[PDB]
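Enquirer:
8 protein chains.
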Amino acid sequence: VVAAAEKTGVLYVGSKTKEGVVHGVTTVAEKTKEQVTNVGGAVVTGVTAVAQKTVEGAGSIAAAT
Amino acid sequence: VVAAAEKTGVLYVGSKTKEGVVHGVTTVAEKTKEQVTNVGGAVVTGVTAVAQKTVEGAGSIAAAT
Amino acid sequence: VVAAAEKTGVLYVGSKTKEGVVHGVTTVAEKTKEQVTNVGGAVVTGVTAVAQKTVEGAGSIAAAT
Amino acid sequence: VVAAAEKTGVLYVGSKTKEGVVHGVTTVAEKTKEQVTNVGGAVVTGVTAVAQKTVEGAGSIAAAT
Amino acid sequence: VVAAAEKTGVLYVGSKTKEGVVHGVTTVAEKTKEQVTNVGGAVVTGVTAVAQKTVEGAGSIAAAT
Amino acid sequence: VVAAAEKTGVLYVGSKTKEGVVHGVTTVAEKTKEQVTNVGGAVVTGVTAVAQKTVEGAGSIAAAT
Amino acid sequence: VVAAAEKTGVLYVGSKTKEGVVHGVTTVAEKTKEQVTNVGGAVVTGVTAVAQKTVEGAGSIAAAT
Amino acid sequence: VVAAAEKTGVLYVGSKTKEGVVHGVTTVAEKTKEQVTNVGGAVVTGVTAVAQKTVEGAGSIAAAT
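Residue numbers (the deposited numbering), protein chains in the order written: chain D, 15 to 22, 36 to 92; chain B, 15 to 22, 36 to 92; chain F, 15 to 22, 36 to 92; chain H, 15 to 22, 36 to 92; chain A, 15 to 22, 36 to 92; chain C, 15 to 22, 36 to 92; chain E, 15 to 22, 36 to 92; chain G, 15 to 22, 36 to 92.
(1) Measuring only the C-alpha atoms, how far is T44(E) from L38(G)?
(2) Under three-state DSSP, which class holds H50(A)?
(3) Decide if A91(G) is buried, meaning its Cβ has at least 16 other Cβ atoms within 10 Å, or exposed.
(4) Go through its chain and collect everything with a Cβ distance to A78(C)'s Cβ below 7 Å, but skip five positions before and after it.
(5) With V66(C) and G67(E) assumed to form a contact (beta carbons below 8 Å), what rounded beta-carbon distance in angstroms separates them?
(6) Beta carbon of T64(B), beta carbon of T54(D): below 8 Å?
(7) Can you name, in chain order, every residue of its own chain whose Cβ lies under 8 Å from the Cβ of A19(D), other than the five neighbours on each side?
(8) My guess is that residue 31(H) and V48(F) are in contact by the Cβ rule of under 8 Å, so how many angstroms apart are they, rounded?
(9) Helix, strand or coil: how does DSSP classify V74(B) here?
(10) Exposed or buried, which one is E57(B) when buried takes at least 16 other CB atoms within 10 Å?
(11) Give me the Cα-Cα distance between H50(E) and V16(A), rounded to the nearest whole angstrom.
(12) Just grab the DSSP bridge partners of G41(H) for me.
(13) Output the distance between the C-alpha atoms of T75(G) and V82(E), rounded to the nearest integer angstrom.
(14) Under three-state DSSP, which class holds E20(A)?
(15) Would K80(E) and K21(C) be called neighbours here (beta carbons separated by less than 8 Å)?
(16) In whole angstroms, give me the CA-to-CA distance for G73(A) and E46(C).
(17) I need the straight-line Cα distance from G36(D) to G36(B), nearest angstrom please.
(18) Could you check what DSSP says for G36(C) in three-state terms: helix, strand or coil?
(19) Helix, strand or coil: which one does DSSP assign to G86(C)?
(20) Rounded to the nearest angstrom, what separates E61(B) and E61(D) at their Cα positions?
(21) Identify the residues that DSSP records as bridge partners of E61(A): which are they?
(22) In the structure shown, what three-state DSSP assignment does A56(H) receive?
(23) Have a look at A89(G) and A89(C) and give me their C-alpha separation to the nearest angstrom.
(24) DSSP state of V66(E), grouped into three classes?
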């Protein structure tokens with residue numbers, strides 16, 4: 015289990044909402060052994076969610092659950 | 015299990044909503060052994076969700092569940 | 015379980044909301060052995076959520092749960 | 015379990044909310060052995076959440092739970 | 015203008044609503060001389076409106092607008 | 015302008044509402060001479076409005092506006 | 015302008044509301060000469076409004092506006 | 015302008044509210060000569076408003092406005 019990584036205007040958002048229920052990364056279980064969540068990048072969540080120029084480098088994730 | 019990666036205007040969003048229910052990356056189970064969520068990139072979630080210039084580098088994920 | 019990584036305008040957001048319920052990275056269980064959450068990048072959550080120029084370096088996550 | 019990492036405008040946010048309930052990184056269980064949360068990057072949570080120029084260095088996380 | 019008047036169980040109401048906008052006796056004008064409203068009886072108004080055994084006597088209205 | 019008048036169980040209301048806007052007897056104008064409101068009986072108004080055994084006598088209204 | 019009048036169980040209300048805006052007897056104008064409101068009976072107003080056994084005598088109203 | 019009047036169980040109210048805005052008898056104007064409000068009966072106003080056995084005698088109102 016090996017991972018490797020190498021590296022060498037106007038944005039207008041207007042929102043009008045009355046009711047907002049938002050879930051991002053969700054993991055639900057009743058009977059389980061393991062629950063694993065690795066976020067090497069970006070998790071952006073909300074009623075109004077904006078991501079600009081995110082995750083622009085080098086990331087690596089190795090999991091052996 | 016080996017992974018490897020290498021690397022060497037106007038955006039107007041306007042939204043009117045009354046009710047919004049949003050789920051992004053969801054994993055639901057009742058009987059299980061393992062639940063794995065790797066995000067080397069980006070999960071952007073919402074009633075209004077804008078992603079600009081994201082995940083522009085090098086990423087690697089190696090899972091052996 | 016080995017991970018490695020190497021590296022060598037106007038943004039306007041206006042939001043009018045009355046009711047907002049937001050969850051970011053969520054892990055729920057009833058019977059389990061292990062619950063793991065590594066955040067090498069960025070988890071950005073809220074009724075208004077803005078991420079600009081985040082996760083631009085070198086990150087690595089190794090999990091052997 | 016080895017991890018290694020090496021490295022060598037106007038932002039306007041306006042929000043008008045009446046009710047906001049926000050959760051960031053959440054881990055809930057009823058019977059479990061282990062619960063682990065490593066934060067090497069950034070967790071930014073709130074009714075209004077703005078992250079600018081965060082997680083731009085070198086980070087490594089190694090968990091062998 | 016003459017008017018004259020002379021006189022000699037289980038009621039279960041259950042209601043579930045989310046949004047209710049109710050008007051009763053309404054009189055709207057832009058250019059007028061006279062606006063008259065006589066209620067010798069009963070005006071009962073609402074999202075849930077119940078009237079039981081009302082206006083059971085003697086009433087008289089004489090208007091000469 | 016003459017008016018004359020002469021005279022000689037279980038009620039359960041359960042209501043569940045989230046938003047309620049109620050008007051009763053309303054008189055609106057922009058240019059007018061006279062605005063008259065005589066209530067000899069009963070005006071009952073609200074999100075939950077209940078009237079039981081009201082206006083059971085003698086009432087008279089004489090208006091010569 | 016003459017008026018004349020002569021005369022010779037379980038009530039359960041349960042209400043669960045989150046937001047309530049109520050108006051009873053309302054008279055609105057911009058340019059006018061006269062504004063008159065006689066209440067010989069009863070005006071009962073509110074988010075929960077209960078009127079039991081009201082206006083059961085003798086009432087008379089005479090207006091010559 | 016003459017008026018004349020002559021005369022010879037369990038009530039449970041439960042209310043759970045979060046926000047209430049209530050007006051009873053309201054008279055609004057911008058330019059006017061006269062504004063008259065005679066209350067011979069009863070005006071009961073409130074977020075929870077209960078009237079039991081009110082206005083049971085003799086009442087007379089005479090206005091020559």
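Note that beta-carbon positions come from the ideal geometry of N, C-alpha and C, so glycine has one too.
Expert: With the given structure in hand:
(1) On the seventh sequence, residue 44(E) is found 17 positions in, with the first residue counted as 1. On the eighth sequence, residue 38(G) is found 11 positions in, with the first residue counted as 1. Distance between the alpha carbons of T44(E) and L38(G) is about 20 Å.
(2) Residue 50(A) sits at position 23 when you count from the first residue of the fifth sequence. The answer is coil: DSSP assigns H50(A) none of H, G, I, E or B.
(3) Here residue 91(G) corresponds to residue number 64 of the eighth sequence, with the count starting at 1. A91(G) comes out exposed.
(4) The count along the sixth sequence starts at 1 and reaches residue 78(C) at position 51. Result list for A78(C): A69, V71, in chain order.
(5) The residue labelled residue 66(C) in the question sits at position 39 within the sixth sequence. The residue labelled residue 67(E) in the question sits at position 40 within the seventh sequence. Indeed they touch by this definition, with Cβ atoms about 7 Å apart.
(6) Residue 64(B) sits at position 37 when you count from the first residue of the second sequence. Residue 54(D) sits at position 27 when you count from the first residue of the first sequence. Cβ atoms of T64(B) and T54(D): closer than 8 Å.
(7) Here residue 19(D) corresponds to residue number 5 of the first sequence, with the count starting at 1. Excluding positions up to five away in sequence, the list reads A85, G86, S87.
(8) Because residue 31(H) lies between 22 and 36, and chain H jumps straight from the first to the second, it has no atoms in this structure.
(9) The residue given as residue 74(B) occupies position 47 in the second sequence. The answer is strand: DSSP assigns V74(B) an E or B state.
(10) Translated into positions along the second sequence, residue 57(B) becomes position 30. Counting Cβ neighbours within 10 Å, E57(B) comes out exposed, since fewer than 16 surround it.
(11) Taking the first residue of the seventh sequence as 1, we reach residue 50(E) at position 23. Taking the first residue of the fifth sequence as 1, we reach residue 16(A) at position 2. Roughly 33 Å between the two C-alpha positions.
(12) Taking the first residue of the fourth sequence as 1, we reach residue 41(H) at position 14. Its beta-bridge partners are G41(F).
(13) As a working note, residue 75(G) is residue 48 in the eighth sequence. As a working note, residue 82(E) is residue 55 in the seventh sequence. Taking the straight line from one Cα to the other gives about 20 Å.
(14) Within the fifth sequence, numbered from 1, the residue matching residue 20(A) stands at position 6. Strand.
(15) Against the seventh sequence, residue 80(E) aligns to sequence position 53. Against the sixth sequence, residue 21(C) aligns to sequence position 7. No, Cβ-Cβ distance for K80(E) and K21(C) is not below 8 Å.
(16) In the fifth sequence, counting from the first residue as 1, residue 73(A) sits at position 46. In the sixth sequence, counting from the first residue as 1, residue 46(C) sits at position 19. Looking at the two C-alpha atoms, the distance is approximately 12 Å.
(17) Translated into positions along the first sequence, residue 36(D) becomes position 9. Translated into positions along the second sequence, residue 36(B) becomes position 9. When rounded, the distance between both Cα atoms is 5 Å.
(18) Your numbering for residue 36(C) matches position 9 in the sixth sequence. Three-state DSSP puts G36(C) in coil, outside helix and strand.
(19) Position 59 of the sixth sequence, counting from 1, holds the residue named residue 86(C). Reduced to three states, the DSSP call for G86(C) is strand.
(20) Taking the second sequence and counting its residues from 1, the one referred to as residue 61(B) is at position 34. Taking the first sequence and counting its residues from 1, the one referred to as residue 61(D) is at position 34. The straight-line gap from Cα to Cα measures roughly 5 Å.
(21) Counting from one through the fifth sequence, the residue named residue 61(A) turns up at place 34. Partner(s): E61(C).
(22) The residue labelled residue 56(H) in the question sits at position 29 within the fourth sequence. Coil, per DSSP.
(23) Here residue 89(G) refers to the residue found at position 62 of the eighth sequence. Here residue 89(C) refers to the residue found at position 62 of the sixth sequence. Distance from the CA atom of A89(G) to the CA atom of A89(C), rounded to whole angstroms, is 10 Å.
(24) Sequence index remark: in the seventh sequence, residue 66(E) carries index 39 (1-based). Here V66(E) carries a strand assignment [DSSP, helix/strand/coil].
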